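Chemist: Okay, handing you the structure first.
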Amino acid sequence: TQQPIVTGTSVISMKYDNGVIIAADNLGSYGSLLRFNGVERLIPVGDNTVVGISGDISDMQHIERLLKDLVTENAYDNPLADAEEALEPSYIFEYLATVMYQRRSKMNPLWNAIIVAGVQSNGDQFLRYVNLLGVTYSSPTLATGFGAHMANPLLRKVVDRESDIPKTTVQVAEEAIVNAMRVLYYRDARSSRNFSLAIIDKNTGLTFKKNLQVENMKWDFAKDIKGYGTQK
Amino acid sequence: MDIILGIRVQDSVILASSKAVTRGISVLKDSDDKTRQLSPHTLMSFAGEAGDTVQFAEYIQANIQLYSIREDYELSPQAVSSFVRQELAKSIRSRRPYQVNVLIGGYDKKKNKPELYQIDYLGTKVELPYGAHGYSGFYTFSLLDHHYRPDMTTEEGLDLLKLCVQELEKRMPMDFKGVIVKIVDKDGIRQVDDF
Amino acid sequence: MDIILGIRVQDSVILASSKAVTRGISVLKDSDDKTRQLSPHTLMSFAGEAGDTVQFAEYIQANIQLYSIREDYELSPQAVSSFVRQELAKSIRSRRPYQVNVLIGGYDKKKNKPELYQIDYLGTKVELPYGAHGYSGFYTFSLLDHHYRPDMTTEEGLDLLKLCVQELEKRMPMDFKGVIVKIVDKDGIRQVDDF
Amino acid sequence: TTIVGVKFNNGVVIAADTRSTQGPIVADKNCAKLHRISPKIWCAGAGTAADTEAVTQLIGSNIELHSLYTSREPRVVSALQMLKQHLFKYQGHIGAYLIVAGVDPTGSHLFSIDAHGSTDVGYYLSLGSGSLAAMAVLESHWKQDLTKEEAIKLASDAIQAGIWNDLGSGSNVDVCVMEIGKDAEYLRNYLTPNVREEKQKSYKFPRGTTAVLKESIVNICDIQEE
Amino acid sequence: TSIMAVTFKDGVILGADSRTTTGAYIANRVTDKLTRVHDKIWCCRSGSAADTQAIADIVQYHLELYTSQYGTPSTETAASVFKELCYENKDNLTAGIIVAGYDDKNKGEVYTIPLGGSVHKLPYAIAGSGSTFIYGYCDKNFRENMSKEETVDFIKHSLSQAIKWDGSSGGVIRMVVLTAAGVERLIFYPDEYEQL
Amino acid sequence: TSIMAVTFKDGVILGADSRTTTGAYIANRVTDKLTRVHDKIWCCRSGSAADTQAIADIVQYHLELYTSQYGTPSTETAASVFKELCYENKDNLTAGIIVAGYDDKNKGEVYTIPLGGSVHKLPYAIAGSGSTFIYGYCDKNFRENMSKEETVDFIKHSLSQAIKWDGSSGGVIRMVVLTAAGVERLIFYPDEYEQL
Amino acid sequence: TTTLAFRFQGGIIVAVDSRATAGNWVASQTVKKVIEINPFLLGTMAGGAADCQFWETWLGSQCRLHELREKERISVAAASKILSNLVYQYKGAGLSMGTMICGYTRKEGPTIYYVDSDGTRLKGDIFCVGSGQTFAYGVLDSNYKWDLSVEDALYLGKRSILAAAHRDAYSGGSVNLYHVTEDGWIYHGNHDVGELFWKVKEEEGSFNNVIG
Amino acid sequence: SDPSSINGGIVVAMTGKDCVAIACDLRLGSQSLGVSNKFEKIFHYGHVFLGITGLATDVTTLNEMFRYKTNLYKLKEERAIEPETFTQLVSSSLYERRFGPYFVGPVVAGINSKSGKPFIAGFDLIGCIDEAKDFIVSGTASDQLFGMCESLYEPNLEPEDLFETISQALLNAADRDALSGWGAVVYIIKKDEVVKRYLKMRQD
Amino acid sequence: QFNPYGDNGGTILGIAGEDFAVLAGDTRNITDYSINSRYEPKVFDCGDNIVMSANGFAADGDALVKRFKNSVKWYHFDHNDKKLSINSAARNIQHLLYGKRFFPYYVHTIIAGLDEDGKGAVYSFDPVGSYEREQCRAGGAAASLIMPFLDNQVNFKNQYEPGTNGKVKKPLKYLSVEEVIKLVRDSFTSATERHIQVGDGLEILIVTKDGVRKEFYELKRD
Ligand SMILES: [Mg+2]
Ligand SMILES: [Mg+2]
Ligand SMILES: [Mg+2]
Ligand SMILES: [Mg+2]
C-alpha cells in the first residue's frame, strides 16, 4: 500500500476505421503543484503499440522499463522478432494486466490506469484498459481519470457503438481527440496545454506527434462577467 | 430490569415479572416488584434502565390517579395505554429518553374484556394475547404460540405461565430469582403469593 | 467457564467446578465436567476461554501420562504444577496465548500430604489452603477465611464448600447450574455424586 | 441528475433530465426538476431533492409577497440574494444546488448557487452528477450570440450527454425558455428518447389467483342521517 | 487562487486569476474575484467562496449605510469592518481577504486580512494558494511609486508565475485600477501572459 | 531545507542552505547538505536526514565498487543507483535528492529524485521546503549556458529568497562547483546574501 | 437459521430450516443445512455456509481414510474431534461454524457432538443452533422424552423448526428431516413451512393468534 | 440501528381504470423477532388513504397527526380533504422535521371526488413527493416491489384485475424479505365504494 | 488506504430447463456513476458444455473464470480427456473459491450446463465457495428485483387455481427454451428500468446437448 506522489492525469483514446488514436498531456503534477512540464506519458512498443499511462509517474517509469525489457527478451533466440514473432498489442496488454492484478493481490499496486492502443497482425484494432486493481475492459472509446467523465461523452458522440467504427475516418477521430484535450484543459485543474498524440494505423503505421498544443480557445466572453450576483 | 411476561386469558390479564435486581457484580435484591397499579383495574409492569423504570412508572401512575380524581372516572385500558405510548414517543426524541419498556394489563369494565398492551421505549404499542420484553419472548413465545387459547381460564393461564418460567430458568444464563405474578380482572388486581 | 473452587483439608484436596456451559444467549449444557485427571493422584480443574480450556487440559494430561509411562513413576503434585506453570508462562508470550486458569489438586504419596496449586493464564502459581479463579473468590474467600482450619476432615471441607456454593447461588447474577465436586486423597480421585 | 442553463440573444434557457434515484434504484422515471420561483424566474435543482423543492417554494413564496409589496415584477437577483442568504445560514445542511435563470425588467439572467451559499455568473452552466458530461458538450459547442433555437438545441444536447453517459441521469429532457418581453414557455418532456420497449409477455393474472381470507366494505362516508 | 494588490504612484491596483476549483474539477474558469464593497474600495477574495461572498456583501452593506450617514469611508475603515467579521467569526470562517482602496487624502492603500482575522497594512500584498510560488519573485521585483504601466506589468508577470505553478489558479488575469481618475477594469488572456 | 543544482556552460553547481530543524529548534545551523558520492558526482539532500545519509552512503559504496571494476561512472548511473534505493524502499523512506555531476563527454548534468523515487533530468532543479517560494523567481531568472559567475549569482539570489521566507531554511549558503578544472567549494554568509 | 439434533430411544433426529439471508434480503429458501458427511454421519450448517460445507465434506474424506486404514467405522467421538481440532488450528482467523456432528455406532450408540469455530466440542442429548434456536428449544424441552417413538420424534423435530420459522425472521423456507440409525441415516423429506404451518395449525389447534 | 428497518414492512400503491389500489403487509417485528401479525399500515381520512412504512412508533404518530389535521381541515373547510391537497400536507408536515425526521416512507392513494381522477403519491422521510402515474412502493422490500411492479404492472387495469396484480406484487416481494409478511391487506378503491381484502400467505 | 476491491455492477441470471440451461448477463461494465463499457462480455463458454459467470468485482471475476478454464484444460490432460461433468466443475469451483477464503474473490459465481442425465443444471456460489444446485438464480446488482418475479412466474409462487380460492396450487408445468428466454428478457428490461447499473445489452448463452448457442439483445442505454 502506498500513495501516488508525482502523477499524470487523463489518457484518452478511441478507435477509428483503420486503427486507433491515443493522447495524453505532458504534465507531472505534485499534488496541486504543476511540477514537471515535459513528461512523455505515451510509450510506444515497436511500431504497432502505444501504451498510455496515467497516475503515479514513478510506477509509470517502472512499467516503461518492463516494456523495454519485454522487447529485448522477445528478440532473444527469435529470428522472426521483427516479423511473425514480433510483440502484439494483445501480448503487451495481457502481460501488463497480469502484472497489475498480481501487484494488487500482494497489496502493493502499481498506482496507474493504463490504456494499450494498437493494431494487431491481422489489422484488427486493439484498445483495452487496465488499472491498479487489475480491472480490465474494452470499448470503442476509452479514457482514464477526468477523461472518463468529460472526454468519453464527446468521443462517444463520434463512435457510439461498434458499427460506428468503420464510418469514422482518422481526420474525424483526431479532430474529436484534439477537441477533448481542449475541453480537459478548460476543466481539469491538473492538466496542461502541451500534449502528445499517437496514431496507430494498419496502413500508415505508427505516427507519434510530440509538442502539440491546445489552440482555438474561447476566453473573450470572460470580459463581460462581473461580480458573483449583484455587482455591475 | 429483566423478564416481564404478560398473558391475556378469557376473563383476566396475568403479568409475571422477575424479582431480581442486579447492579453489575451482585444481586442486590430478590423480591423486587416491577409493577405499578395505575388505576383499580389497570396494572403496568416495566423493565429497562435503572432509575428511569421506576421514575417513569410512578410518573404515569400519578397522572392516571390525577385524571381519576378530576373526572371521578377510571380511564379504559386502551386510553391509558395511548397516554403511556405518547409519553414514550415524546420521550424518544428528548434530550435524555426514558429507556423503559412496559406491559399494561387492564380489565375494561365497560366492554367486560381483559386487555394486554405491549409498549417499548420508542413508543411502539401493540395489543396482544400474550407479550414480553427483552429476551423473554425468545424463550417463551414458542410455548405460548403452541398452548395458548383465547378461552383459557385464569388457572390454565397460570399453568402455561409456569411452563414459560421453567423454560426461562432452564435456558437463560441469568438467575432472575423467580417471578411475582399478578392477576387483573373485573374485581381488580391481586397478587399470586405462591409461585 | 465460570466457577472453580479448591480447598485443601487435612488428608485431601477438594475441587468444586460449575456444570453450566453458556454460549452467549443459551445455556447449552448443565452437566459439564471441567476437570481432567493428570495422574492417579493428581486432578486439574480449569476455566477460561472456550475451546482453549479443554485443549490445554487434555494437552497437559497427555504429557503427564507420557511421563508416567516413560519412567513408570507418578510425578509429585509440585512437579506437575511447575510443568503446567511453564507451559502457561510460555503461552502468554505466544502468537495466541492459552486463556486458561487452572487449579491443581494432588495428593503427594511421598510426603503423605494434600496439595492445592492455583495457576492463572499468565503462569502465576501459588500453593494455597483454598483457592479460586474469576469472581468466585470475591464471594467465597470471606467464608473460607473465617471457617477454614488446616486439620479439617473431608466431611467438614465439603460442608464449608456447601456454604460457599450457597453464597454464590445467592449473590451471583449468573446461574452456573450447581457444581461437580471431586476429592483427591491417598486412595486417588473420586466424585461426590450428591451435592 | 443533469441540469444546464444557457444564455442566448434575447433571454435564457434552462434544461434538466427526469430521473430521480434512491442510491442505485430509480424512484421516479419522469421527475420534474424544473421549478418555478416566479412566472418568469425558473430554476433547476440537484442534490437533496426535497431541499431543492423546499428552498424554491419558500423563496418563491417570499418573492411573490415582495412583488405584491413593491408593485414590481420579481427580479432574478432578488431570488438569488434570498436563496444564497438562506442557504449560507444553514451552512450547507440544506443540500440545494441550483441553476437559477429568468427575465425581469432589468434583462435576462443566469446564475448558479451551491448548498453553502456561493453563487456564480455565466453564459452557460451545468450541475449534478452529469454536469461534467454536459459541460463537455457546452464547452465544445457554445458560442456568443446564440439564437433561441440554437440555445434550446445546445441545452438539450448537454442534458442528453448526461442521460447517456451519467448513471445518475436518464429518461427525458425538460426545457424552459425565458425570453425578454414574452411569457416563459415550460416545455415538459421536450425530448423522449427512452420509452420502454413492449414486453415479451403479458403478466395479467386470471381472476381468483390470489388467496383471500376475508372481504369487507370500508366505510369512507360520514355518519349518516336517520 | 492567486490574488494580489499593489500600491503605486497614482493609487492602487488589484489583481486576480479566474479559476475556482472543486477538488481537481474547475467549477468556474472565468470567476471574478475582484469585488466592489465601495466605489473606490475593492477586495480580493481567497478561501471559502461562500464565506468571502457573505463577508463582502455584509461589508458592502455596512459601508453603504456608513456613507449615507458619515460620507465616504476610508480604506482603513473598510478593512476594519472586514476584520471585525473575520476575527469575531474566526471559528466558522475560512477567508483570506486583501482590501485595496483609493482616497484623495491617503491615496492608494492595501490591507491584508489572513485566516486569523489580523490586519496588516502593506505596500503590496499577495494571497491565495498560488501566492506561495511568487514570494521570491514579488519581493525581488516590487518597487514603491511605480507607474501604472509598471504596476500592471508587475502584477501580470507575478500572477503569470502563480498560475504556471499552481493548479488551483488559472484562466484570465483580471485587474482593477483605483486612481483619482476613476475605476478601470483590465483583463489579460492566457495567450498573452503565458508567453511572458 | 533549500537546495538546488544548476547546469551552466562549464559544468554544474550545487547549492544549499545549512539549517537543520527539529520542530522550531535549529539543531544544526551549519549543516553540510552537499554530499559527495563520487569525485565529480555530488548530491543535495532533503527530507529525513537519517534516510538521505543512509542512501548517500550506500550510493557512495556502490559507485566506489563500480569504479574499481568499470571505471568512472556517469552521472546518469549515479542517479539510477539513487533511484533504485528510493523507489524500491519508497514505503520506508522520506528522501528528496538532487543528483549533480560532471562528465567530460556529457558535461554538467542534473537529476532530481522526488519522494516517490521517480527520476527527472533537468537543466536545473530546486527542492526542499524553501523551494516553494522561489519557483517563480527561478523560472524567470534561469538561462541555459550561463557563466560560472552568473550561476553563482543565480543560486545565491535564489537561496537568499528561499531562506528569507522559509523558517526551515537558513544559516550559510554552501555551494560546490563541478567543472573540468576540478571541485571548488564556496560559502556565503548571512551578511552577504541578506542585503541582496 | 435454525438447526437441531436430539438423541432418543430410536437414534437421532436431525431437523433444520432452509433459509439463507444477506441482511434483510432472503438469498435462498432451498439451502441444504444438513451435510451428508457419509452414509452414517450427519452434520448441520450454522454460522458460515462455506466453512460448514467445505470442512464437513473434508471431514468425510478424513473419515473415509480412517476406515480404509483401520478397517473399521470411525467413532462419532473421533470424527467430531478431527473437525474440532482442525477449526481450532484456524482459531482467530475468522471461521464461523456451529454444527452438530451426529452418528450412531456400536460402541457409542446414538451420539451428538456440538462443534464450534472457537474450538468448543460438547457431547449432549439435545442441541439447537441458529438465530431461531431459542424458539426450537422451548418446544423440544417441554415435549422431549427418551422413549419417544421414531414417528413422534420426527414430528417433534419438525414442529420445533416450525416454531422457530414462524417467530424468527431469519428462519423459514422449508424443513428437512433426518433419522440417524446404527445402519445409517434415513432422509424424511423436505417440508415447505408455508404449507406445514397451516396444516399444523388446523390439526394441532396451535397458533390461535394467527388468522387462517 | 437503522431506524427504517427495525420493524420492517411494506406498502405498495397502484392506479387502474377509474380506481386505485393500496396494499400492505401486517408484520411488526423487533429485528429478527416477529411481534405482531395485525399491524396494519394503511389508514384513511375520509376517502384519502395513507400507507406508512418504516419505524412503527412514527407510523402510529403520523397517523394520529394526520387524523388530527384532516379533522380540523374538515371543520374549517366544511369538506373532506382531497388526495392532491393531502399529499402537500404530508410533504409539508414531514419537511418541518427536516433535521429530526420521522423515519417513514408514506404512500398516498385515493380518487379526487370532483374530477374522479385516480391519484397516488410517495414520499421520502423528509417530504420529497414522488407522483408516479403507475405505482408507488415503500418499505424494507422496496427493491423487490420495484421488480414486481415494473414487470407485472400495465395501465388501465379494471378493479378486480388490479387486485390480482397488486396482491401478487406484494406477496412475492414480501416472501423475499425477512422483515415483511405475516399477512397482507389490499384496498380496492373506487369513487364511492372501497373493498378491503385480507390475503392468505405463508407465515414465516 | 488501498482498497483491493471494486464494484463493476452488472446482473446475471441462470435458469435450468428440463433438457437445457441458460446463463444470461447484461453487457454493461461500470464504476460508480460512469460507464466503462457498453459491451463487455460477462458470461463465458468454458468448454465441456459448461458456461460460467463470476459477477461483482470484474478483476476477481476474470481471474476466477481464467483459472477454471485452466482447470478444465488440466482435467483433460490428467484424466485422459474425460469430460468434466457439471457437478464435478461445481465442486472444483468451490475449492478455487475457498482457496482464497481469507482474501476472497469478491464475486457471485453461477455456472450452467447439463448434468450426466442430460437435464438442465445451474449451480450458484457465494464469494467463499458455498454452493448449491438450483433451478433459478439471479446474481448481482438487480438480483433483488428479478428473483421475486421469477418465484412468481417460474415456480408459480402465491398463484392458485381460480375457483378453488387457495386450496389448489397452480401446477408446476415445464417451460420451453423460448418461454425461459421471454422471462429472461422481461427480467432484464424491468431491471434496466429501475436499476441504474443495468442496461446497454443482454447476452444469453443457451446450453443444450447440441452445444452452446449465443443470443444478444439491446437494452436501454441511459
Ligand atoms: Mg494552473
Ligand atoms: Mg421467519
Ligand atoms: Mg418474509
Ligand atoms: Mg439502467
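FYI, nothing fancy with the C-alpha cells labels: chains A, B, ... in order, residues from 1 per chain, ligands from 1 as they appear.
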Give the residues close to ligand 2, within 9 Å, counting only C-alpha atoms and all ligand atoms; write them as a list in words.
Modeler: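 Going residue by residue within 9 Å of ligand 2, we get residues 19, 132, 164, 165, 166, 167, 168, 169, 170, 171, 172 and 173 of chain G; 32, 33, 34, 178, 179, 182, 203 and 204 of chain H.
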Chemist: For the structure I just gave you, how does DSSP split segment 27-125 of chain H - specifically, which residues are alpha helix (DSSP H)? Reply as a ChimeraX atom specification.
Modeler: /H:56-77,83-95
Chemist: Contacts of residue 14 of chain I at 9 Å or less, counting only C-alpha atoms, minus same-chain residues fewer than 6 places along, as a PyMOL selection string?
Modeler: chain I and resi 21-25+110-112+122-124+134-139+184
Chemist: Deliver the residues from the most recent selection as a file, using N, CA, C and O atoms, as a PDB file, in the first residue's frame.
Modeler:
```
ATOM      1  N   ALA I  21     -30.256 -25.290 -20.354  1.00  0.00           N
ATOM      2  CA  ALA I  21     -29.947 -24.315 -19.322  1.00  0.00           C
ATOM      3  C   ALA I  21     -29.471 -23.029 -19.971  1.00  0.00           C
ATOM      4  O   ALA I  21     -28.749 -23.064 -20.968  1.00  0.00           O
ATOM      5  N   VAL I  22     -29.889 -21.897 -19.412  1.00  0.00           N
ATOM      6  CA  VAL I  22     -29.463 -20.594 -19.911  1.00  0.00           C
ATOM      7  C   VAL I  22     -28.720 -19.832 -18.823  1.00  0.00           C
ATOM      8  O   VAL I  22     -29.082 -19.893 -17.649  1.00  0.00           O
ATOM      9  N   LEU I  23     -27.666 -19.132 -19.225  1.00  0.00           N
ATOM     10  CA  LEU I  23     -26.976 -18.207 -18.343  1.00  0.00           C
ATOM     11  C   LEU I  23     -26.896 -16.873 -19.074  1.00  0.00           C
ATOM     12  O   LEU I  23     -26.246 -16.760 -20.116  1.00  0.00           O
ATOM     13  N   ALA I  24     -27.578 -15.873 -18.532  1.00  0.00           N
ATOM     14  CA  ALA I  24     -27.634 -14.560 -19.147  1.00  0.00           C
ATOM     15  C   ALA I  24     -26.932 -13.527 -18.271  1.00  0.00           C
ATOM     16  O   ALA I  24     -26.742 -13.724 -17.065  1.00  0.00           O
ATOM     17  N   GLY I  25     -26.532 -12.429 -18.897  1.00  0.00           N
ATOM     18  CA  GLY I  25     -25.966 -11.311 -18.173  1.00  0.00           C
ATOM     19  C   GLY I  25     -25.951 -10.073 -19.035  1.00  0.00           C
ATOM     20  O   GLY I  25     -25.773 -10.159 -20.249  1.00  0.00           O
ATOM     21  N   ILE I 110     -22.037 -18.107 -10.949  1.00  0.00           N
ATOM     22  CA  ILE I 110     -23.065 -19.021 -11.407  1.00  0.00           C
ATOM     23  C   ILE I 110     -22.491 -19.783 -12.593  1.00  0.00           C
ATOM     24  O   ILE I 110     -21.860 -19.180 -13.468  1.00  0.00           O
ATOM     25  N   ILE I 111     -22.681 -21.101 -12.607  1.00  0.00           N
ATOM     26  CA  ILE I 111     -22.393 -21.903 -13.794  1.00  0.00           C
ATOM     27  C   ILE I 111     -23.661 -22.594 -14.258  1.00  0.00           C
ATOM     28  O   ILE I 111     -24.585 -22.808 -13.474  1.00  0.00           O
ATOM     29  N   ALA I 112     -23.704 -22.927 -15.541  1.00  0.00           N
ATOM     30  CA  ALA I 112     -24.857 -23.611 -16.115  1.00  0.00           C
ATOM     31  C   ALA I 112     -24.429 -24.639 -17.148  1.00  0.00           C
ATOM     32  O   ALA I 112     -23.383 -24.509 -17.790  1.00  0.00           O
ATOM     33  N   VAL I 122     -28.093 -25.682 -12.993  1.00  0.00           N
ATOM     34  CA  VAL I 122     -27.495 -24.402 -12.631  1.00  0.00           C
ATOM     35  C   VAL I 122     -26.933 -24.509 -11.220  1.00  0.00           C
ATOM     36  O   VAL I 122     -27.611 -24.978 -10.308  1.00  0.00           O
ATOM     37  N   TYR I 123     -25.690 -24.080 -11.047  1.00  0.00           N
ATOM     38  CA  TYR I 123     -25.074 -24.038  -9.731  1.00  0.00           C
ATOM     39  C   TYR I 123     -24.751 -22.599  -9.369  1.00  0.00           C
ATOM     40  O   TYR I 123     -24.347 -21.812 -10.221  1.00  0.00           O
ATOM     41  N   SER I 124     -24.937 -22.271  -8.094  1.00  0.00           N
ATOM     42  CA  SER I 124     -24.772 -20.912  -7.589  1.00  0.00           C
ATOM     43  C   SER I 124     -23.785 -20.907  -6.431  1.00  0.00           C
ATOM     44  O   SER I 124     -23.888 -21.731  -5.528  1.00  0.00           O
ATOM     45  N   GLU I 134     -29.386 -25.259  -8.267  1.00  0.00           N
ATOM     46  CA  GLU I 134     -30.628 -24.506  -8.228  1.00  0.00           C
ATOM     47  C   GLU I 134     -31.332 -24.542  -9.573  1.00  0.00           C
ATOM     48  O   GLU I 134     -30.736 -24.844 -10.608  1.00  0.00           O
ATOM     49  N   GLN I 135     -32.621 -24.247  -9.536  1.00  0.00           N
ATOM     50  CA  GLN I 135     -33.436 -24.201 -10.734  1.00  0.00           C
ATOM     51  C   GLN I 135     -33.366 -22.808 -11.338  1.00  0.00           C
ATOM     52  O   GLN I 135     -33.388 -22.645 -12.558  1.00  0.00           O
ATOM     53  N   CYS I 136     -33.268 -21.808 -10.466  1.00  0.00           N
ATOM     54  CA  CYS I 136     -33.409 -20.414 -10.855  1.00  0.00           C
ATOM     55  C   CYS I 136     -32.557 -19.537  -9.947  1.00  0.00           C
ATOM     56  O   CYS I 136     -32.688 -19.598  -8.724  1.00  0.00           O
ATOM     57  N   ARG I 137     -31.682 -18.726 -10.535  1.00  0.00           N
ATOM     58  CA  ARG I 137     -30.828 -17.845  -9.744  1.00  0.00           C
ATOM     59  C   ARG I 137     -30.381 -16.602 -10.497  1.00  0.00           C
ATOM     60  O   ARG I 137     -29.704 -16.697 -11.522  1.00  0.00           O
ATOM     61  N   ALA I 138     -30.761 -15.442  -9.964  1.00  0.00           N
ATOM     62  CA  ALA I 138     -30.254 -14.162 -10.432  1.00  0.00           C
ATOM     63  C   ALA I 138     -29.109 -13.735  -9.523  1.00  0.00           C
ATOM     64  O   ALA I 138     -29.108 -14.032  -8.326  1.00  0.00           O
ATOM     65  N   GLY I 139     -28.138 -13.040 -10.098  1.00  0.00           N
ATOM     66  CA  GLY I 139     -26.987 -12.561  -9.346  1.00  0.00           C
ATOM     67  C   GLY I 139     -26.632 -11.135  -9.703  1.00  0.00           C
ATOM     68  O   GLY I 139     -26.903 -10.673 -10.816  1.00  0.00           O
ATOM     69  N   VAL I 184     -36.428 -14.149 -19.216  1.00  0.00           N
ATOM     70  CA  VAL I 184     -35.107 -13.543 -19.056  1.00  0.00           C
ATOM     71  C   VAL I 184     -35.100 -12.123 -19.619  1.00  0.00           C
ATOM     72  O   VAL I 184     -34.606 -11.197 -18.978  1.00  0.00           O
TER      73      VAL I 184
END
```
Chemist: For the interface of chain I with ligand 4 (cut-off 10 Å, counting only C-alpha atoms and all ligand atoms), please tabulate each contacting residue of chain I alongside its nearest pair of atoms and their separation in Å to one decimal, rows sorted by chain and increasing number, as a Markdown table.
Modeler:
```
| residue | atom | partner | partner_atom_place_in_ligand_line | distance |
| --- | --- | --- | --- | --- |
| I:28 | CA | ligand 4 | 1 (Mg) | 9.3 |
| I:188 | CA | ligand 4 | 1 (Mg) | 9.7 |
| I:189 | CA | ligand 4 | 1 (Mg) | 9.2 |
| I:190 | CA | ligand 4 | 1 (Mg) | 9.4 |
| I:191 | CA | ligand 4 | 1 (Mg) | 7.3 |
| I:192 | CA | ligand 4 | 1 (Mg) | 4.3 |
| I:193 | CA | ligand 4 | 1 (Mg) | 5.8 |
| I:194 | CA | ligand 4 | 1 (Mg) | 6.6 |
| I:195 | CA | ligand 4 | 1 (Mg) | 4.9 |
| I:196 | CA | ligand 4 | 1 (Mg) | 3.5 |
| I:197 | CA | ligand 4 | 1 (Mg) | 5.2 |
| I:198 | CA | ligand 4 | 1 (Mg) | 4.3 |
| I:199 | CA | ligand 4 | 1 (Mg) | 4.7 |
| I:200 | CA | ligand 4 | 1 (Mg) | 7.9 |
| I:219 | CA | ligand 4 | 1 (Mg) | 8.6 |
| I:220 | CA | ligand 4 | 1 (Mg) | 6.9 |
| I:221 | CA | ligand 4 | 1 (Mg) | 7.0 |
| I:222 | CA | ligand 4 | 1 (Mg) | 5.9 |
```
Chemist: Write the residues you've just listed into a file as a compact mmCIF listing (two decimals), in the first residue's frame, and include C-alpha atoms for each of them.
Modeler:
```txt
# COMPACT_ATOMS: atom_id res chain seq x y z
CA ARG I 28 -22.63 -3.04 -19.11
CA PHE I 188 -33.65 -7.56 -17.66
CA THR I 189 -35.96 -5.00 -19.32
CA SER I 190 -37.63 -4.40 -15.94
CA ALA I 191 -34.27 -4.35 -14.15
CA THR I 192 -32.98 -1.83 -16.72
CA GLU I 193 -35.93 0.50 -15.97
CA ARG I 194 -35.41 0.56 -12.20
CA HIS I 195 -31.68 -0.09 -11.74
CA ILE I 196 -29.07 2.41 -12.95
CA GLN I 197 -26.26 -0.18 -13.28
CA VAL I 198 -28.32 -2.41 -15.59
CA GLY I 199 -28.57 -1.62 -19.32
CA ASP I 200 -26.86 -1.34 -22.72
CA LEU I 219 -31.14 -2.82 -23.62
CA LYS I 220 -31.75 0.86 -22.86
CA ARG I 221 -28.52 2.85 -22.74
CA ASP I 222 -29.47 5.61 -20.26
```
Chemist: Which residues, written as a PyMOL selection string, have at least one atom at most 12 Å from residue 151 of chain A, with only C-alpha atoms counted and residues fewer than 5 positions away on the same chain left out?
Modeler: (chain A and resi 10-14+22-24+141-146+156-158+176-188) or (chain D and resi 132-137+139-140+161+165)
Chemist: Save the residues we just selected, C-alpha atoms, as a PDB file, in the first residue's frame?
Modeler:
```pdb
ATOM      1  CA  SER A  10      -6.152  11.703 -18.221  1.00  0.00           C
ATOM      2  CA  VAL A  11      -5.223   9.396 -21.068  1.00  0.00           C
ATOM      3  CA  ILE A  12      -7.851   9.409 -23.820  1.00  0.00           C
ATOM      4  CA  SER A  13      -8.279   7.165 -26.837  1.00  0.00           C
ATOM      5  CA  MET A  14     -10.678   5.874 -29.464  1.00  0.00           C
ATOM      6  CA  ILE A  22      -4.357   7.783 -28.134  1.00  0.00           C
ATOM      7  CA  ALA A  23      -3.409  11.033 -26.409  1.00  0.00           C
ATOM      8  CA  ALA A  24      -2.122  12.298 -23.057  1.00  0.00           C
ATOM      9  CA  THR A 141     -13.596   4.865 -26.722  1.00  0.00           C
ATOM     10  CA  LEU A 142     -11.506   4.629 -23.556  1.00  0.00           C
ATOM     11  CA  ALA A 143     -10.318   7.299 -21.150  1.00  0.00           C
ATOM     12  CA  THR A 144      -8.801   7.471 -17.662  1.00  0.00           C
ATOM     13  CA  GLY A 145      -9.415   9.843 -14.744  1.00  0.00           C
ATOM     14  CA  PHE A 146     -11.133  13.083 -15.776  1.00  0.00           C
ATOM     15  CA  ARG A 156     -18.933   8.546 -27.837  1.00  0.00           C
ATOM     16  CA  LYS A 157     -20.837  11.092 -29.953  1.00  0.00           C
ATOM     17  CA  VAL A 158     -18.470  10.119 -32.799  1.00  0.00           C
ATOM     18  CA  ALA A 176     -12.517  14.652 -31.759  1.00  0.00           C
ATOM     19  CA  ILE A 177      -9.469  13.689 -29.680  1.00  0.00           C
ATOM     20  CA  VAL A 178      -7.929  17.169 -30.012  1.00  0.00           C
ATOM     21  CA  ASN A 179     -11.198  18.872 -29.012  1.00  0.00           C
ATOM     22  CA  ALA A 180     -11.479  16.581 -25.984  1.00  0.00           C
ATOM     23  CA  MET A 181      -7.956  17.565 -24.924  1.00  0.00           C
ATOM     24  CA  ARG A 182      -9.031  21.228 -25.127  1.00  0.00           C
ATOM     25  CA  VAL A 183     -12.126  20.538 -23.017  1.00  0.00           C
ATOM     26  CA  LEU A 184      -9.973  18.769 -20.431  1.00  0.00           C
ATOM     27  CA  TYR A 185      -7.613  21.764 -20.387  1.00  0.00           C
ATOM     28  CA  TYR A 186     -10.581  24.061 -19.676  1.00  0.00           C
ATOM     29  CA  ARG A 187     -11.933  21.915 -16.872  1.00  0.00           C
ATOM     30  CA  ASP A 188      -9.207  19.697 -15.323  1.00  0.00           C
TER      31      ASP A 188
ATOM     32  CA  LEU D 132     -19.157  17.004 -16.471  1.00  0.00           C
ATOM     33  CA  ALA D 133     -20.760  15.211 -19.418  1.00  0.00           C
ATOM     34  CA  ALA D 134     -22.999  18.236 -20.020  1.00  0.00           C
ATOM     35  CA  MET D 135     -20.159  20.772 -19.642  1.00  0.00           C
ATOM     36  CA  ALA D 136     -18.091  18.816 -22.174  1.00  0.00           C
ATOM     37  CA  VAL D 137     -20.843  19.445 -24.747  1.00  0.00           C
ATOM     38  CA  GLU D 139     -17.530  23.732 -23.937  1.00  0.00           C
ATOM     39  CA  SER D 140     -17.467  22.140 -27.395  1.00  0.00           C
ATOM     40  CA  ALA D 161     -24.799  13.787 -22.771  1.00  0.00           C
ATOM     41  CA  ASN D 165     -23.132   8.850 -20.050  1.00  0.00           C
TER      42      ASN D 165
END
```
Chemist: Just the number, please: distance in Å from atom CA of residue 128 of chain D to atom CA of residue 5 of chain D, one decimal.
Modeler: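 Separation of atom CA of residue 128 of chain D and atom CA of residue 5 of chain D: 12.2 Å.
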Chemist: Need the shell around residue 73 of chain D: protein/DNA/RNA residues with any atom at most 12 Å away, counting only C-alpha atoms. Skip same-chain ones fewer than 5 positions apart. Format as an MDAnalysis selection string?
Modeler: chainID D and resid 38:41 63:68 78:79 102:107
Chemist: Within 10 Å of residue 99 of chain F, counting only C-alpha atoms, which residues show up once you throw out same-chain ones fewer than 3 positions away? Write them as a PyMOL selection string, please.
Modeler: chain F and resi 4-5+14+34-37+41-45+75-76+78-80+82+109-113+119+121+125
Chemist: Using only C-alpha atoms, which residues sit within 10 Å of residue 102 of chain G once same-chain residues fewer than 2 positions away are excluded, as a ChimeraX atom specification?
Modeler: /G:5-7,11-14,37,40-44,76-77,79-80,99-100,104,110-114,180,185
